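Chain and residue survey
The lines below spell out each chain.
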Amino acid sequence: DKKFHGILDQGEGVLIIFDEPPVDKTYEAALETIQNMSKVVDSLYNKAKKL
Amino acid sequence: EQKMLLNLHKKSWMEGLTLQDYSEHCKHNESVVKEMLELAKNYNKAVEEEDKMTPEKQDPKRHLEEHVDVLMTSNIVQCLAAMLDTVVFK
Amino acid sequence: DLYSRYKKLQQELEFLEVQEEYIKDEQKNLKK
Amino acid sequence: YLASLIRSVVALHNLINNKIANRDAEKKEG
Amino acid sequence: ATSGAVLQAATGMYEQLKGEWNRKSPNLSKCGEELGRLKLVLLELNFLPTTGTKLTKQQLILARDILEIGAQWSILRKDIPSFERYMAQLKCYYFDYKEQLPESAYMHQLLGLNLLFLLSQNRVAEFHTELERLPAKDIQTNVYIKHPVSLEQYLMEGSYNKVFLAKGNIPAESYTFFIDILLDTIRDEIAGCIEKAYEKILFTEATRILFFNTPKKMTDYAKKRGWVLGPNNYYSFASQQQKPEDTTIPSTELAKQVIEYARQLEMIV
Amino acid sequence: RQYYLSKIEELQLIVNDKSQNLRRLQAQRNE
Amino acid sequence: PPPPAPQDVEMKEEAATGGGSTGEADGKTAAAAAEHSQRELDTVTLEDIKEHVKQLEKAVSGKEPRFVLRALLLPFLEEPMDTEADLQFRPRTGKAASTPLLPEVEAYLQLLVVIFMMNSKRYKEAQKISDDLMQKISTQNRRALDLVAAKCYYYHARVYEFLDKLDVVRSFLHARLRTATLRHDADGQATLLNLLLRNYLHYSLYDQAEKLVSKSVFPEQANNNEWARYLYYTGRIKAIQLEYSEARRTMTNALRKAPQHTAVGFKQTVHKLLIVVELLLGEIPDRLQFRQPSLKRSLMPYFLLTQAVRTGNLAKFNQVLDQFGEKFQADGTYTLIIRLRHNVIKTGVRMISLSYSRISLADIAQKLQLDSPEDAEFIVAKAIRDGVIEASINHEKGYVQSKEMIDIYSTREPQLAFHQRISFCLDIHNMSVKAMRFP
Amino acid sequence: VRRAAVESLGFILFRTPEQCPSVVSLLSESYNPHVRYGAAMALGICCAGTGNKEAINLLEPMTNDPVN
Amino acid sequence: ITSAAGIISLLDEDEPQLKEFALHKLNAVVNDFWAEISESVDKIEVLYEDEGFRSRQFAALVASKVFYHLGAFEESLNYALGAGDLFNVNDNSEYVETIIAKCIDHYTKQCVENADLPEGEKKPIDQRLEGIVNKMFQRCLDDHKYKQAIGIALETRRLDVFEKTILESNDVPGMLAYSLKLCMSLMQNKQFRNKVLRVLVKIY
Amino acid sequence: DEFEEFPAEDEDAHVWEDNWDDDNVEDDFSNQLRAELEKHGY
């Protein structure tokens, strides 16, 4: 349920606490930008049929 | 008198090898990429109105140009300064 | 006569080389 | 990467429009 | 023209070669001298067709057999370069004139020897390319081609265990010598890529995996390989893999790359 | 005759390509 | 009205095309970036499927008699290149002879018309050899020659498949290949190499594509249409050469170069060898490569073959392997018998290597029906030698272990990947800037 | 110095006047007005008294330039 | 087809007449199998170095065809340069056209470089290249239209043949004026301008 | 440029995207789970 940051391993019978890095919005902005550049690339593909 | 006065804005060598600030640089890239996304959003509309009603420099194209230019040069110079500092300073 | 044409072509190539070199310099100075 | 890719995209967009415009002029001239 | 008498004399000396190669302990020097005379007589004959008149096929066919003899002569000397140089010219006779000449009974055995020789020197890509030349019917039918391709398929499907002990099916002694080369070649390549594969291997278990019916040869092998036999008698290979180049920041290469980026950005063209 | 015409042909190719390049460079400088 | 259809449009649009090409040939003599390809698509769409036979209503039989003299069907053909017509229009001099050449074969009636093609081609040969020695002046007749010569002598190679083999096609074109090379590439170099490879491959002969390897390099200006052909051919060279990786790479590069849906035959041919070269690496091909409509009932057998290969049951593969052999030969890839029947295990040990970080040498053998672990050790070792699997082997305790799953992002790898894309994007920008302006 | 340097082109290219329009056609319209005056003078000198036509084609807008 | 090039072994074998017969065989197949026969590299290239070999010029011709086919034109010129007689004297095909198109180009480059510093500072020039160049001159001096060699001679700084060209029939004194036109209007090198003017007044 | 030199040459045309795993054949997962559950004795 993500209410608590940690990870189990039964093979060692242990739970582990980590540092949860702050997602780094740069990469999400990057993905949205490249996806929208893919959209504009399809737009240019709609063009260039007029040659 | 030339380059006697210029010493006033003359960049120092430590200023040249200064590595800026990594947290601030990450904030700068964070803001500029988001602005890039918001510019590309309407750049898509601009390219989707390619139909040439009433043939008409505001918004998407050159703004995207200046953004990519400044972002790319800042990132390149920061990486180069970091690398030079890494290899030369020990 | 073909020799005159060949020399004219070579001088045209040289003049175009001068043209592009000047254009490079002007691009740099105009950017600044 | 993102900056360079966007630069390539805008370069292609200028290229295609330039080709379209000069070809339009050539077709109109005839 | 005297070319008829030239052909008759050439056939006579070729028959002398056939008789001398019929000997079970032939003196290869006399046959080589007769090959030297064939060198001279073949000048009046030709390798490329080159002829403005459609030659009677006999002129070709005898030459065919002659090179075929030179093939079986070569494998009798166990001189691989001679086999290579004779096969390189006999290929033209086999293939360029295929529509005109019939099948020689020696061509399957010789072709199989050539393919499994290509295996002997690890000429694997060329070996596969030649399999396109020879149609599917013969690789399906004749043992002389099927068996070497069978061993190669065994190698791809990894049946080295079968390769090292299925030697009873091989047709001729020339095959035996070529595969007495391939067993050590296979051992050498297995040893070379074990560096990729294993981090440790027991000597006595290695002797099984390479199917050494002579354990001594591995020590000679190991001394050849330079393998550091462990204190508990183990070959080890992780010493070359290590933890490579990660800690050492390559640096200057990154600087050159960033310089290249800055160039390709600020340069005018 | 071989030299003259083979030359003028290759230098014609070069000068044509160079003229196109000069055209694009002039356009960029003009902007 | 249907028979007069060429008179209404075709007779005048072809005249306009010829006039425009000659004007480009006369003024703005750089007639190489013009409508040539854009117009010559009309050929395949309309013209070769129209000029094929001596149609009446002035459609074909009336072409030459009306076009008899141009001083400002062979006997009718003799006059347009004769009758003291002005000969400086080199595109006209080429086209007047080459106009029936492709359509005449496109009729394919094969009856006494093969002789027509066989002689009209040597008419073009005489014209071209006469043009070559005089060192034709600067009017791009090399471009107009190379492509139509390629197509017409391809058709004559078909005829030399009907009769004595097509060696002559190679020997001449190779001689022209250097002739094209020493002056400049008029896009003729690409198609000449393509035909040289095609002549080798029709004989399944291959290796003397020592030409294809860097003894002589392929030109970069191949219009994306010679690119697809040459890349397919070199993929086929590298496939049987046991280097399947770069063959699959370059031919996956090739496949996207084909048109949307008009190259159905070429697309079928490329997919037909792409799927097998992929399974040769143990990688199952993509499903979308079996869902294209016209490609289903053509790629269906190898689909079933793929259904056979994603198992350790090579017996199931063999049970249907002989079921469709003749359609493998008709499609010219049946040599799959030599290159699939034994490497089928490679995919199985691949999937195991994906599923298991650690496994026993016995277990890998059990679930792909292998006999003994003594065999399985050699199989996994071979998979390591080929490099298809990144595992490690330790017989001392029966271990097959995947290497450490290190985080790649804290290493040099992301920088290397991003550097490849940086170079690609900057190259795209550079070649884009290189080609804006021409007015 | 820019003005005089451009003006100096006429004294060195007059042997083949037809090149002078081809080179000066870009110095002819530049942000710097001194370069513009130099371009005009160099074009005039280089063509001498020969009616190059194209030189006049370049000078036709230039005689309407805002700068005096 | 003859799709194999192993016949190169006939040149590996020490019989020089067999080597020459093999060379004659390659010369019929050079431009169908150039890549394969070039892959033999030293096995054919050392035959020029074999001074004991009878017809070294034949191997030289074959290797020059090899390099012309391979695009290493300078190596083609160099491998031809030791042939002699079998060198170039016969105009046969486009290959000969290309090798002359490169060889006298190399000669004129060398002559331009030497003529700038010839006051005993000149650099040695192979007399076989000079021989083929003057053979080309002899051909063009009477072939069909000999009013072309004047331009080459002044380009290659060969004043003697330049003086000869207009001393011949030359069909009109308009050619003696055309030489002056080219000297004064297109050749702008003063250091040779003066020499050409001296030759022109000597003609006049 | 078009490739005429090659053999251009509702059986099952469902629109939805599918994978190799959908053509696989096995008994109902209800049956699989039932058999697994009985045989280990629960």
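Rules used in this analysis
Residues numbered from 1 in each chain as written, not as in the entry; some residues may be left out. Chains lettered and ligands numbered in written order. Part of a larger assembly, values for the part shown. Heavy atoms only, no water. Residues with missing side-chain atoms left out of burial classes, pairs and counts. Helix = DSSP H or I, 4+ residues; strand = E, 2+ residues; numbered from the N terminus. Rg over C-alpha atoms; globule rule 2.2 N^0.38 Å. Buried < 20%, exposed > 50% of the residue type's maximum accessible area, 1.4 Å probe, protein only. Areas by Shrake-Rupley, 256 points an atom, 1.4 Å probe, with all protein chains shown as cover. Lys, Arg positive; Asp, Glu negative; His and termini not counted. Charge placed at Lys NZ, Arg CZ, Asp CG, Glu CD. Disulfide = S-S within 2.5 Å. Contact = heavy atoms within 4.5 Å. Buried area = accessible area lost by both parts, 1.4 Å probe. Salt bridge = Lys/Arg side-chain N within 4 Å of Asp/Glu carboxyl O. Polar contact = N/O pair within 3.5 Å; in protein donor to acceptor, adjacent residues only side chain to side chain. Pairing = 2+ DSSP bridges. Expected span 1.5 Å × (residues − 1). Patch = residues over 30% accessible without salt bridge, like charges linked within 9 Å, V, L, I, M, F, W, Y side chains within 5 Å. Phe/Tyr/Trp six-rings, centres within 6.5 Å; stacked < 30°, edge-to-face > 60°. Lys NZ or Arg CZ within 6 Å of the ring centre and 35° of its normal. Axes fitted to C-alpha atoms, helices over the stretch in contact; angles between N-to-C directions. Parallel < 35°, antiparallel > 145°, perpendicular 65-115°, else oblique. Left-handed = near helix turned anticlockwise from the far one by under 90°. Nonpolar A, V, L, I, M, F, W, Y, C, P; charged D, E, K, R; others polar. Core = buried A, V, L, I, M, F, W, Y, C linked by side-chain atoms within 4.5 Å.

- In the PDB archive, cryo-EM is given as the structure determination method for this entry, at a resolution of 3.59 Å.

1. As for the overall build of chain A
- Of the regular secondary structure elements, chain A holds one helix and two strands.
- Shown N-terminal to C-terminal, the secondary structure of chain A runs as helices and strands in the order β-β-α.
- Rg of the C-alpha trace for chain A: 22 Å, well past the compact-globule value of 10 Å for 51 residues, more than 25% over.
- Each principal axis of the C-alpha distribution contributes one length, and for chain A these read about 65 × 20 × 15 Å.
- Here chain A, with 51 residues, has 18% of them falling under the buried criterion.
- Counting every atom, chain A has about 4200 Å² of accessible surface; 63% of that belongs to carbon and sulfur.

2. Some words on the overall build of chain B
- Helix and strand counts for chain B stand at three helices and zero strands.
- Compactness check: chain B gives a C-alpha radius of gyration of 20 Å against a globular reference of 12 Å for 90 residues, more than 25% above the reference.
- A principal-axis box enclosing the C-alpha atoms of chain B has dimensions of 60 × 40 × 20 Å.
- Each of the 90 residues in chain B was classed as buried or not, and the buried ones make up 29%.
- Accessible surface computed for chain B: about 6900 Å², of which carbon and sulfur atoms make up 60%.
- In chain B, 12 positive and 17 negative side-chain charges are present, and the distance between their average locations comes to 5 Å.

3. Things to note about the state of the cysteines
- Under the definition given, this model contains one disulfide over all chains.
- Put simply, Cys20(H) and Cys46(H) are joined by a disulfide, and their sulfur atoms are 2.0 Å apart. Because the torsion about its S-S bond is 90°, the bridge between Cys20(H) and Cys46(H) counts as right-handed. Of this pair, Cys20(H) sits in helix 3 (residues 19-27) while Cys46(H) sits in helix 4 (residues 33-47), placing them 26 residues apart in sequence.
- With relative accessibility at 1%, the residue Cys46(H) sits in the buried group.
- In this structure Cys183(I) is a free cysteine whose sulfur lies 18 Å from that of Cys111(I), the closest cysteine sulfur available.
- A residue is classified by how much of its surface remains accessible, and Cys183(I), at 4% relative accessible area, is buried.

4. A closer look at the interface of chain E and chain G
- Listed by partner, the interface residues are 41 residues for chain E and 37 residues for chain G.
- Carbon and sulfur atoms supply 56% of the area buried between chain E and chain G, which totals about 3600 Å² over both sides.
- Per-residue buried area on chain E facing chain G is highest for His128(E), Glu132(E) and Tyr261(E); these three make up 17% of the total on that side.
- Where chain E meets chain G, there are zero salt bridges.
- Applying the counting criterion to the chain E and chain G interface returns 16 residue pairs in polar contact.
- It is helix 6 (residues 124-133) of chain E that provides the largest number of residues to the side of chain E that touches chain G, a total of seven residues.

5. Topic: the pairing of strand 3 (residues 399-402) of chain G
Residue and element names in this part refer to chain G.
- Bridge count for strand 1 (residues 358-359) against strand 3 is two bridges, and the pairing is antiparallel. Among the inter-strand pairings, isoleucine 359 is bridged to a residue of strand 3, identified as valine 400.
- Sheet topology places strand 2 (residues 391-394) next to strand 3; four bridges connect them, and they run antiparallel. Counterpart to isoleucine 393 in the pairing with strand 3 is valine 400.
- Adjacent in sequence and paired antiparallel, strand 2 and strand 3 are bridged by four residues, among which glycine 398 carries a positive phi angle near 65°.

6. Re the pattern of salt bridges
- According to the stated counting rule, one finds 57 salt bridges over all chains in the structure shown.
- Where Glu9(F) meets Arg142(G), a salt bridge forms, and the shortest distance between an N and an O atom there is 3.3 Å. On the criterion of chain membership, the pair formed by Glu9(F) in helix 1 (residues 2-30) and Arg142(G) in helix 8 (residues 141-162) is interchain, its members lying in two chains.
- Judged by relative accessible area, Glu9(F) falls into the buried class, the value being 6%.
- According to the relative accessible area criterion, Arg142(G) is buried, its value standing at 7%.
- Among the charged side chains, a network of salt bridges with common partners joins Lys39(E), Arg85(E), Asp12(I), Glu13(I) and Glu15(I).

7. As for helix 7 (residues 113-133) of chain G
Residues and elements named next belong to chain G.
- Taking 1.5 Å of rise per residue, the 21 residues of helix 7 would be expected to cover 30 Å, and the 31 Å separating its terminal C-alpha atoms lies within 8% of that figure.
- Those residues of helix 7 that sit buried are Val113, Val114, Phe116, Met117, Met118, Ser120, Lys121, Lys124, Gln127, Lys128 and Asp131.
- Considering only its buried residues, helix 7 is in contact with helix 4 (74-78), helix 5 (90-98), helix 6 (101-107), helix 8 and helix 9 (167-181).
- One or two residues past the end of helix 7 sits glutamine 135, with phi positive at roughly 55°.

8. Concerning a negative patch on the surface
All names here are of chain C.
- A contiguous patch of negative charge on the surface is contributed by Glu14, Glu17, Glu21 and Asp25.
- In this structure, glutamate 14 sits in helix 1 (residues 2-31).
- The exposure class assigned to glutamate 14 is partly exposed, which follows from its relative accessible area of 45%.

9. Topic: the packing of aromatic side chains
- Taken as a whole, this structure holds 35 aromatic pairs over all chains when the rule is applied.
- Ring centres of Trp227(E) and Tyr235(E) lie 5.0 Å apart, and the angle between their planes is 55°; on these two criteria the pair is classed as tilted.
- Taking relative accessible area as the criterion, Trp227(E) reaches 16% and is therefore assigned buried.
- Aromatic pair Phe218(G) and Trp227(G): ring centres 5.1 Å apart, planes at 55°, arrangement tilted.
- Owing to a relative accessible area of 23%, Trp227(G) belongs among the partly exposed residues under this scheme.
- Ring-pair connections join several aromatic residues into one group, and the members of that group are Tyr232(G), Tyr233(G), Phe266(G), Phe3(J) and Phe6(J).
- Residue placement shows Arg187(E) over the ring face of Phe212(E); its charged tip is 3.7 Å from the ring centre.

10. Quick notes on the environment of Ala247(G)
Residues and elements named next belong to chain G.
- For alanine 247, the position within the fold is in helix 12 (residues 244-255).
- Judged by relative accessible area, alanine 247 falls into the buried class, the value being 0%.
- In this structure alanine 247 touches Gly235, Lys238, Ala239 and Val277, once residues within four positions along its chain are discounted.

11. A look at the packing of helix 5 (residues 107-120) of chain E against helix 8 (residues 143-156) of chain E
Residue and element names in this part refer to chain E.
- At a minimum axis distance of 7 Å, the contact between helix 5 and helix 8 shows a crossing angle of 15°. By the angle between their directions, the pair helix 5 and helix 8 is classed as roughly parallel. Considering the relative orientation of helix 5 and helix 8, their crossing is left-handed. For the pair formed by helix 5 and helix 8, the contact residues are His108, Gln109, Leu111, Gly112, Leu115, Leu116 and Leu119 on the first element and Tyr144, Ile145, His147, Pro148 and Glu152 on the second.
- Residues that form the contact of helix 5 with helix 8 fall into these classes: seven nonpolar, four polar and one charged.

12. Description of the packing of helix 1 (residues 25-46) of chain A against helix 1 (residues 2-29) of chain D
- Remark: helix 1 of chain A packs on helix 1 of chain D, axes separated minimally by 11 Å, with the N-to-C direction vectors making an angle of 15°. Judged by the angle between their axes, helix 1 of chain A and helix 1 of chain D are roughly parallel. Every pair of crossing elements has a handedness; the one defined by helix 1 of chain A and helix 1 of chain D is left-handed. Across the interface between the two elements, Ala30(A), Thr33(A), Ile34(A), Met37(A), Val40(A) and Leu44(A) from helix 1 of chain A touch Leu2(D), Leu5(D), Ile6(D), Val9(D), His13(D) and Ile16(D) from helix 1 of chain D.
- Broken down by class, the residue content of the contact of helix 1 of chain A with helix 1 of chain D amounts to 10 nonpolar, two polar and no charged.

13. A closer look at the nonpolar core
- Residues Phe83(E), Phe266(G) and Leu26(I) are the most contacted members of the largest nonpolar core, which totals 185 residues.
- The element that contributes the greatest number of residues to this core is helix 10 (residues 173-197) of chain E, accounting for 10 residues.
- Setting aside chain neighbours within four positions, we find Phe266(G) in contact with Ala228(G), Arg229(G), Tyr232(G), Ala258(G), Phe3(J) and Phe6(J).

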